[PDB]
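Below, chain A is the first sequence line, B the second, and so on; all start at residue 1. What's counted below: heavy atoms across the whole structure, side chains too, no hydrogens, waters or symmetry copies.
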Protein chains: 4
Amino acid sequence: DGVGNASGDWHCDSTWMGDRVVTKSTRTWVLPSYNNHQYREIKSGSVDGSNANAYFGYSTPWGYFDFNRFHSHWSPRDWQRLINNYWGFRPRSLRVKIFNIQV
Amino acid sequence: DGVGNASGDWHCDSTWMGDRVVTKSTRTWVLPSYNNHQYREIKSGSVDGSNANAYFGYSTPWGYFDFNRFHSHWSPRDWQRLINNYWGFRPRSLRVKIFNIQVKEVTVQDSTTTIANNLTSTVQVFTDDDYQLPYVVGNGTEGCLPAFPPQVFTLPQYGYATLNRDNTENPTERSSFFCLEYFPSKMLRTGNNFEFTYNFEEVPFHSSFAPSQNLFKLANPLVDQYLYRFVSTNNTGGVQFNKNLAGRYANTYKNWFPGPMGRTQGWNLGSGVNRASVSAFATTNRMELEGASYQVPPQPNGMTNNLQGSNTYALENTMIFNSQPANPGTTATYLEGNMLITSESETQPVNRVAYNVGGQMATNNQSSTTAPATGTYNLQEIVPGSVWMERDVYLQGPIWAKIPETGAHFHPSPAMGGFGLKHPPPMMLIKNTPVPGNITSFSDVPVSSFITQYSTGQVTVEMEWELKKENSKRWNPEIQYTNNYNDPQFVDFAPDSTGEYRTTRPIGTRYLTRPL
Amino acid sequence: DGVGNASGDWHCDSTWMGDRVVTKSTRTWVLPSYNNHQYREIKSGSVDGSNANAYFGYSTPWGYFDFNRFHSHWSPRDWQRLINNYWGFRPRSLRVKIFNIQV
Amino acid sequence: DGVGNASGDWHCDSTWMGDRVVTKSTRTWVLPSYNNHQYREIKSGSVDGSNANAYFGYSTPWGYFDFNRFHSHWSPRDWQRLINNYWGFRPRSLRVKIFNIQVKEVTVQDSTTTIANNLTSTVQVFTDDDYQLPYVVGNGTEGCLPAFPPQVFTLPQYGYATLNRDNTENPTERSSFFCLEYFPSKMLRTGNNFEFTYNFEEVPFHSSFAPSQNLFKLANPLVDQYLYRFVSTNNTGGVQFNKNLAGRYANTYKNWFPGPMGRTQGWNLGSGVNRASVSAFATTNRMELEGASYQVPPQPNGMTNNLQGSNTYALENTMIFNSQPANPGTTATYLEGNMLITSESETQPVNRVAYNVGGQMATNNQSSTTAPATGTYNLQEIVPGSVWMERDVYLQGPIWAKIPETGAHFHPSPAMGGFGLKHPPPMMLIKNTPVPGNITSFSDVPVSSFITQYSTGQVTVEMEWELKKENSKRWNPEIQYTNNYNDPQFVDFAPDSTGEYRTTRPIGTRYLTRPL
């Protein structure tokens, strides 16, 4: 759209609705330009006296979003509300949004 | 929308439409980035030799809009139009708007400090509609929309105290932390605006009239009572009565009683000698709570701090304002010449005088051997068939207070005046969304270097008030609030030669009278 | 109805249904014949050096059901489920039943 | 209904209808008043020099119906009709009925002990349908409906162990108490009856056939393999191969492997010398749990405890029953002559022998200087492409077990045989409703004197079973379970001269054969 209009809003919440609970988290991220835009082939030999440490691979100039920790979605208090009252739980869906970008 | 289009207009006004009046105010605010984007846990121990001063809490990086002062909505002249003509009023609705936002980036490279505007930055804004956060608005604190419309103000920083342990700086296992980023908020770029409406819950009209009769002298001064009274015993001890005569108010039977009172100390303003070199604190009225001693001005409702035509004031039963705004944390010793000391003398026909005893009563049992003895009292609470007048509202004072949620209260009318609300106008919080500086490598440790910036914008508040029309049959003319100054050197309630707004007097609300 | 048919069943339970919770309690009571079927006028003078202890009244041959204690309706565990999760509560209705009598 | 009308009828039967068979059993039960109507907390420390014996729990005043033994539903002759003709079977539904109740009051005044019936007393009954209570039914314990229909049985008392702390008698903060009066139950007077139905969840058929081939010799003995095998190295170290010939099963390539095994000790029954004066315990197979050492008979599935035509038995991999029922808490030393020792020898073509090593494997790396070395193993768990046969079901054994709720299990088939169920037939609990003695004054202290009494009634269980029809092309005749006794002194599975039911042998389930 445009420069002077915001592309999304801030949502942090927890909505308990019986058999479901929906968590929302918003964070502010910063992204460095990695490697100076190029792929590099990274590698290692036997480090610390262990060749299980050896590897061969590639670093890229990309970064990624990782939300695979519970504390990224649950507050200490909602976590307590979950473990003191339920016998189990499992994830059902996921929705992600990236907005308000600034280079 | 866009950068080159304005998101709202300027509205300042007052529209009187019979039973209603609608006020509109627009101001320009500026918002600093508080704390450098982070929450801090603030605390204090025993300060000034009082552990009631200890606390434990949190400052946040948010600021808030506070419009809980009458002068934020009323001009001196509309206030005069209200108090000279109506018997009461109460708030009905509220509409708020934040618009024309501008985020500015500040860079201080080589002591040049240049301010540029950042077109892509945001401010976050939300209203706490379920009252889930500590409500700090109605506690007589600074940072409200200014009295005078051209003034630009800084929004205050949101902070709160939670529970401290044993009158020390330490928290308790019950102390809570509230993260404000844990609520849903709107983000606004320079082309965006925020709007919010609210309706007040039915509250009683404020009573903007003074009583034209004294509560203890409501009987007709021409007729006697058909009731009698014990007046003595004869030389043998037999009881004797006398009829209550016409107009002998010191003896008539009464149906109603004055409101509750707790004796406060009285001091003389202007002419009138006081005890020299005193230190108030040590002898002020206190209430204990959790093991600490707190001063409790202005004392509970139901008293009068001044007796009309007298210079003795029960200073702690009084609202004391400054003639002008002061800097943060000033420790200057102001004198009477700098203050706007309010007086509730127009409630004296119904409210007991705070610096006098409240009455007296039987202390023993008389018999042929002992004479009846009596003893005065200094405090007396509510009794049935008690009546009093609530404290007055001033133009420079507070409009509402939140009634604390505890499940039990009596007559929810705030000591400082105004309306007591179960669900008051929600707090509106605002902050500059953080923008990280140059970060070149990865770290799991949170970013701590930000671009410094601030915002500014306009805010419009629109309140609808309902009025209670004055319906008197008084024949002679009434007292009115009037612009009376002997040899003015400057116009009051106007900017002076320097451009600073002057106000030399507190304007209350009771000019009209009514028979009890 | 009859001698060889039961007049009711045993119900003890707690049913949580969102905004409501319904508790049920069944107990077995025994009723003595009090006073030997007659009313008596009972009374006392000043006992333990206090005349606030004096009274005049009547005992009857009747007994009564009293369920005005929380533990008559709540188990320790349902009580815990209530005080760890709700901000308040209030009673809405009551239903009582006396059955399976045996003289 | 009423006192002079019966609430149900007697049904004992077996109805074979092709693919289904329906069994019905009725028995007469008696129920004592347990504990004198109260819950007690029971516990034990380290008994017999083993703290695995310690526990903490609760006995209740309830008794329960347990019909988890095959002989509760099958007669010896219907069992024979099942194992000589079908390849498998599984339970489909269950229907239970309790009727013709009679409460008896017992009074022992002056050593006369008279029994009268109390027409107004009740029994409470309920089924735990949500599995909220500790399920004690499928753990090889006594108190099931008897084998023989004319026998009258006592219902066992419900009790359970919860958590004890550190292998001692003390509870932990996690130990739970379950009050059974906290469930909804029916009350039955002498004219009432209780009915209950249940459907089993789809389970795999039990496999009532023995394998007609050995798992390692499935190749055609007439053709060679087109695969070769390493057979040695020449005087220089170069490797040499040989073709896998026809019928040389010791070398062929295999596709499938025998099931898991954990070596158990083997003992000789009848003829066959054993080590004299031994004390099994000290050297039995154990598993540790929470710091204690437990014996684990009958060991996990996948082994065979006996090799056909041999008298060596891996006794702890064996189900050992008594030829008759015993009194509670007997410490007698039974000999082989009193037991019904089961044998799983008909699984030997697929299951490894429990008292032998499981195989061997490479222990080093050969080189010009070291010769290849190998070492045998005593235990080996599951590998991919493993096959084994589950333990057999006996007429005197258990039908099902509850699979413990933990969220993680592997191949839920109980060590003692039978069906493993997520949701098994719910427990049916029953108790005599207490009746207070003569109470003349009031007390807040709970009543502790009751009229002593007991109940009795009939119980009918109706189970539907689904059968898997045998579909063989074997030419020669098969092995069948047959009534074969040389010079019988009494009829087996019949009452003797005293009236006591005799059973001299465990009847398993695998008589029919199938090619692998």
Side-chain angles (χ1 to χ4, degrees), chain D residues 210-211 213-219 229-232 244 247-276 278-288 293-320 341-366 370-392 410-411 413 415-417 510 516:
Chain D
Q213 299 189 274
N214 173 313
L215 185 76
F216 282 160
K217 64 183 86 176
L218 298 176
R229 81 183 181 279
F230 169 64
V231 304
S232 58
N244 290 330
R248 298 296 185 68
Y249 295 118
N251 314 297
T252 60
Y253 273 53
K254 311 302 195 310
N255 270 316
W256 316 107
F257 307 89
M261 68 90 49
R263 196 180 183 174
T264 313
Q265 183 74 69
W267 302 90
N268 301 122
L269 300 187
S271 179
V273 33
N274 291 302
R275 176 86 204 197
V278 138
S279 185
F281 197 62
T283 42
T284 53
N285 287 17
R286 318 283 255 294
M287 277 193 200
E288 310 293 304
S293 213
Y294 300 72
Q295 285 180 328
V296 280
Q299 267 17 80
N301 284 166
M303 290 178 283
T304 188
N305 62 305
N306 190 227
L307 217 42
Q308 174 70 224
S310 188
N311 51 52
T312 304
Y313 289 70
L315 284 177
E316 310 163 2
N317 183 52
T318 310
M319 297 275 88
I320 313 180
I341 296 176
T342 67
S343 171
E344 301 289 308
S345 68
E346 64 289 313
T347 51
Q348 62 169 269
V350 175
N351 288 4
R352 283 187 266 196
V353 175
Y355 49 88
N356 283 151
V357 301
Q360 54 175 33
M361 52 187 40
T363 56
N364 70 334
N365 282 303
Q366 58 80 38
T370 68
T374 187
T376 51
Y377 53 88
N378 297 318
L379 51 155
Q380 172 168 59
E381 296 74 45
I382 294 284
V383 300
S386 220
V387 316
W388 62 91
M389 284 246 269
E390 316 270 43
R391 182 177 302 273
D392 209 6
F410 173 58
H411 210 271
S413 215
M416 291 179 239
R510 340 261 214 199
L516 275 174

Less than 4.5 Å apart, side chain to side chain, heavy atoms only: is that true for [X] and [Y]?
X        : Y        : value
D:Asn306 : D:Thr318 : no
D:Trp267 : D:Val278 : yes
D:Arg263 : D:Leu379 : no
D:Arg286 : D:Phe281 : yes

Which atoms form the tightest heavy-atom contact between [X] and [Y], and what is the distance?
X        : Y        : value
D:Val350 : D:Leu516 : CG2-CD1, 3.9 Å
D:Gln213 : D:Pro349 : O-CB, 3.3 Å
D:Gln308 : D:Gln348 : N-NE2, 2.8 Å
D:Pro258 : D:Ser386 : O-OG, 3.1 Å
D:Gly259 : D:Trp388 : CA-CB, 3.6 Å
D:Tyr249 : D:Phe216 : CD2-O, 3.8 Å

Any donor-acceptor N/O pair, D:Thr312 side chain to D:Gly266 backbone, under 3.5 Å: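 No, because the side chain of D:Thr312 does not come within donor-acceptor range (under 3.5 Å) of the backbone of D:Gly266.
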
I'd like to know if the side chain of D:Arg391 and the backbone of D:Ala415 have a donor-acceptor N/O pair within less than 3.5 Å.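 It does hold such a pair.
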
Rounded distance (nearest 0.5 Å) linking atom [atom1] of [X] with atom [atom2] of [Y]:
X        : Y        : atom1 : atom2 : result
D:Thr342 : D:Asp392 : OG1   : CG    : 8.5 Å
D:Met416 : D:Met319 : CE    : CE    : 6.5 Å
D:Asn301 : D:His411 : CG    : NE2   : 8.5 Å
D:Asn351 : D:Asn317 : CG    : CG    : 9.0 Å
D:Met389 : D:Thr304 : CE    : OG1   : 9.0 Å
D:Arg229 : D:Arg248 : CZ    : CZ    : 8.0 Å

Tell me yes or no: between the side chains of D:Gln299 and D:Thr264, is some donor less than 3.5 Å from an acceptor?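 There is no such pair between these side chains.
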
Return yes when atom NZ of D:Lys217 has more than 12 non-hydrogen atoms of other residues, nucleotides or ligands closer than 6.0 Å, and no otherwise.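 Result for NZ/D:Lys217: open.
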
Heavy-atom count check: over 12 atoms from other residues, nucleotides or ligands less than 6.0 Å from D:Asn365 CG?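 Atom CG in D:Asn365 is not crowded, with 12 or fewer foreign heavy atoms closer than 6.0 Å.
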
Test side chain to side chain contact (heavy atoms under 4.5 Å, CB included) on D:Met303 and D:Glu344 and set out the steps. CA-CA 8 Å; D:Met303 290 178 283; D:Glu344 301 289 308; over 6 Å; no

side-chain hydrogen bond (donor to acceptor under 3.5 Å, both in side chains) evaluation trace for D:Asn268 with D:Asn311: CA-CA 5 Å; D:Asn268 301 122; D:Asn311 51 52; 3.3 Å; yes

Flag this pair as yes if the NZ/CZ of D:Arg352 is under 6.0 angstrom from the six-membered ring centre of D:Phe257 and inside a 45 degree cone about the axis; otherwise no.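 No; the conditions do not both hold, so D:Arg352 does not lie above the ring face of D:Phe257.
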
Before giving the answer on side-chain hydrogen bond (donor to acceptor under 3.5 Å, both in side chains), spell out for D:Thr284 and D:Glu316 the whole-Å C-alpha distance, their side-chain angles and the decisive distance to 0.1 Å. CA-CA 8 Å; D:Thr284 53; D:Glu316 310 163 2; 4.7 Å; no

